[PDB]
Amino acid sequence: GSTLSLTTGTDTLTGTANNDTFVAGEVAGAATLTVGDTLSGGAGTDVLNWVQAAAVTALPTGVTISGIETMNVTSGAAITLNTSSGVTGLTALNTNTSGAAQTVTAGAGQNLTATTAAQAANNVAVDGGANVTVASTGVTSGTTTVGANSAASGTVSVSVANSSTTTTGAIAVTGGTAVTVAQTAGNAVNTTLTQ
Amino acid sequence: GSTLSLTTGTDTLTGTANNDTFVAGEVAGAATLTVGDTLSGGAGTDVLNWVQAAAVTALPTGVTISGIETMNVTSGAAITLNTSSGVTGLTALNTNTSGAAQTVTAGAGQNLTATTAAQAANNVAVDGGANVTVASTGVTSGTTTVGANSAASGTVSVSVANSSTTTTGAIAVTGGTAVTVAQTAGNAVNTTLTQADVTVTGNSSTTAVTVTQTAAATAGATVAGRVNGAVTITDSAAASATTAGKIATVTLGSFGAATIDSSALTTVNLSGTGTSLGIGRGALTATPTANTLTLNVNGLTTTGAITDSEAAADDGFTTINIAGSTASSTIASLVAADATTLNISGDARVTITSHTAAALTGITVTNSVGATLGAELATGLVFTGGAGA
Ligand SMILES: [Ca+2]
Ligand SMILES: [Ca+2]
Ligand SMILES: [Ca+2]
Ligand SMILES: [Ca+2]
Ligand SMILES: [Ca+2]
Ligand SMILES: [Ca+2]
Ligand SMILES: [Ca+2]
Ligand SMILES: [Ca+2]
Ligand SMILES: [Ca+2]
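So the sequences go chain by chain: A and C. Each residue of the first sequence is one higher than the one before, counting from 249 in the deposited numbering. Each residue of the second sequence is one higher than the one before, counting from 249 in the deposited numbering.
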């Protein structure tokens, strides 16, 4: 397929009906998913990569994603987004933090995956979606919390890793066809972590 | 292959599966390795050249380099990077400063090379990697320090040059299959530079250590003055009662107050201008069976004593062999209190100005040019010459 780049402006981008990928990176450290951006996919090998130093805050005004199957969202700070509207045709949403919070809500029909490195005292909270997956490492105080506002259509699969001696903060799930929460503890040889 | 240029944006670059090269320069003095950049190589002739006026700091958010074998990093200021993650497939990391610090950590499987010009008071520190190489010039105050946090899989090879009169700052290595630290001194004709104190501490892979320096000299009208740095070599199992010990050979090329401590030590290679060597063996409680020090000399001259520190209160070497080679050597004092046989062999004169080896039962020169012993032999002690004076 072809590879299409968003700008700091208003973009009107239309895919090839093929293996095409949409890049919503930075320009001078300025975000490229911006007001009025409208994206359109075609055939079913479509990816949107949204990467920003700045915290993801919501979908910006007038933005519509359509016909794009996979959405990857990566931030140098927190993510807060809802994708139950504006977005249509999306089978897979993947959101990625390293060292800040996450607060994500997906539309049913969309498989959410919230990967978080060095979670520390930050809190992950996710809602809705079809199959959800939480993958959290370096955890500490941080709560993990799923379906508190809206359950998943399919399966929940949390997993949480902690290296700290300070104890692993809550995990709560509500709803889903089947639930798995998999904790680990990786603390040092003369310490006690309570899970 | 094909040649691909990074921009001040988010780049998605994919190689030919061939000899392709990736350029990560500057645009308006703005970096081109930036947030979200993803690079992909293919086949095994892949190079990434990252060049920046600004200090290298860390890999930027969302960056993933993959399928790229060689990474070259050059900065107008300091480098700090860790490459044990984010980068995958990387066989070679080369980092380049001129006049600022370096603080680099490579993943095992990656050959690190940290070249630094005009090091001055800046400190190089490197860790991990497979084979590491440090190449530092214009040195002064700067410490050089390897494997303080993580040892190399393969060989360490430091080398350090100084032109200053201010003295060469520490050098420390920890770990590696074999270690070499090569100092030089290039100071002016009426000055004295005193060289760097070296410490090597083996991990349990360290078979050999080499520590070369520039020869000492007295500051003259047309003689560049040099004093030598202390060297301290230590094996892992130096303090252990039971663990083997791995450092077998040590090579010196000039030295100040030198120490070795290894229960696996058999050979010492000496060379140039020395102050003192103190040989200790590991504090193993077991009574040692192989007790042969081979001591190959070549152009060696000593202020003071080669001592067997272990012999005094513990189990030293029973037989010492000295093989003089290609140039005259002079050992001011040889102190070996558990020594029994002494065989001087080889190719060029060995002179021992004074030995202190009370338990000697025989001395046997087999050397071509000859051997000279300035100390009066024990009335009980047999001596046998060979050809040569
Ligand atoms: Ca398409
Ligand atoms: Ca835009
Ligand atoms: Ca599509
Ligand atoms: Ca870029
Ligand atoms: Ca290639
Ligand atoms: Ca490659
Ligand atoms: Ca000892
Ligand atoms: Ca002993
Ligand atoms: Ca003794």
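Just so you know, even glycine gets a beta-carbon here, dropped at the ideal spot from N, CA and C.
Can you name, in chain order, every residue of its own chain whose Cβ lies under 6 Å from the Cβ of residue i, other than the five neighbours on each side?
i                     : result
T601 (chain C)        : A580, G622
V617 (chain C)        : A596, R597, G636
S524 (chain C)        : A505, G552, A553
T482 (chain C)        : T449, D509
residue 444 (chain A) : The requested residue 444 (chain A) is not part of the displayed model; chain A covers only 249 to 443.
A486 (chain C)        : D509, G530
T393 (chain C)        : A373, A420
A496 (chain C)        : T455, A512, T514
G526 (chain C)        : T507, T555, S557
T499 (chain C)        : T458, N517
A478 (chain C)        : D445, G504, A505
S398 (chain A)        : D375, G376
Span of the beta strand (DSSP E) holding residue i?
i              : result
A436 (chain A) : Unbroken run through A436 (chain A): none, as it is neither H nor E.
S557 (chain C) : Note, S557 (chain C): premise wrong, no beta strand (DSSP E); alpha helix (DSSP H) at 557 to 561.
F270 (chain C) : 269 to 272
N569 (chain C) : 567 to 572
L296 (chain C) : 295 to 300
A619 (chain C) : 619 to 621
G610 (chain C) : 610 to 613
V457 (chain C) : 456 to 460
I313 (chain A) : 312 to 314
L281 (chain C) : Looking at the DSSP string, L281 (chain C) is not in any beta strand (DSSP E), and its letter there is neither H nor E.
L629 (chain C) : No beta strand (DSSP E) contains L629 (chain C), which DSSP labels as neither H nor E.
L543 (chain C) : 540 to 545
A399 (chain C) : Per DSSP, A399 (chain C) belongs to no beta strand (DSSP E) and is neither H nor E.
With C-beta atoms as the reference, is residue i less than 8 Å away from residue j?
i                     : j              : result
residue 657 (chain C) : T454 (chain C) : In the structure displayed, chain C extends from 249 to 637; residue 657 (chain C) sits before or after that span and is not available.
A418 (chain C)        : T388 (chain C) : no
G402 (chain C)        : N379 (chain C) : yes
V404 (chain A)        : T428 (chain A) : yes
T439 (chain A)        : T413 (chain A) : yes
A585 (chain C)        : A606 (chain C) : yes
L608 (chain C)        : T588 (chain C) : yes
residue 242 (chain A) : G284 (chain C) : With chain A covering 249 to 443 only, the question about residue 242 (chain A) has no answer from this structure.
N476 (chain C)        : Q461 (chain C) : yes
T280 (chain C)        : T255 (chain C) : yes
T318 (chain A)        : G249 (chain A) : no
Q443 (chain A)        : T416 (chain A) : yes
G376 (chain A)        : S346 (chain A) : no
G395 (chain C)        : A368 (chain C) : no
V271 (chain C)        : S288 (chain C) : no
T251 (chain A)        : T260 (chain C) : yes
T286 (chain A)        : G257 (chain A) : no
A302 (chain A)        : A276 (chain A) : no
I568 (chain C)        : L532 (chain C) : no
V304 (chain C)        : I327 (chain C) : yes
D563 (chain C)        : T535 (chain C) : yes
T550 (chain C)        : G522 (chain C) : yes
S577 (chain C)        : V613 (chain C) : no
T343 (chain C)        : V352 (chain C) : yes
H603 (chain C)        : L582 (chain C) : yes
According to DSSP, what are the bridge partners of residue i?
i              : result
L360 (chain C) : C:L341, C:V380
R597 (chain C) : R597 (chain C) pairs with nothing; no bridge assigned.
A553 (chain C) : C:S581
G522 (chain C) : C:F503, C:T550
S346 (chain A) : A:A365
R474 (chain C) : C:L441, C:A465
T353 (chain C) : C:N330, C:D375
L261 (chain A) : A:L287
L252 (chain C) : C:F270
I419 (chain A) : A:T392
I592 (chain C) : C:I570, C:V613
Under 8 Å Cβ to Cβ from residue i, same chain only, skipping five residues before and after it: list those, please.
i              : result
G290 (chain A) : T262, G263, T264, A265, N266, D268, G315
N435 (chain A) : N410, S411, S412, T413, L441
Who are the near neighbours of residue i in its chain, counting only those whose CB is closer than 7 Å to its CB and skipping five residues on each side?
i              : result
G520 (chain C) : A463, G501, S502, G547, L548
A467 (chain C) : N438, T439, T440, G473
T470 (chain C) : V437
Could you please tell me which residues of the region 359 to 376 of chain A, in chain order, have their CB closer than 8 Å to any CB of chain C?
-> none
Relative to chain C, which residues along the region 302 to 327 of chain A have a C-beta separation below 8 Å, given in chain order?
-> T322, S323, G324
Members of the region 265 to 284 of chain C near chain A, C-beta cut-off 8 Å | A278, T282, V283, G284
Using a Cβ-Cβ cut-off of less than 7 Å, list which residues of the region 509 to 530 of chain C approach chain A; keep chain order.
-> none
Listed in chain order, which residues of the region 250 to 261 of chain C have Cβ atoms closer than 7 Å to some Cβ of chain A?
-> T256, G257, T258, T260
Mind listing which residues of the region 341 to 361 of chain A have their C-beta closer than 7 Å to chain C's C-betas, in chain order?
-> none
Compile a chain-ordered list of the residues in the region 286 to 301 of chain A whose CB is closer than 8 Å to at least one CB of chain C.
-> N297, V299, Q300, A301
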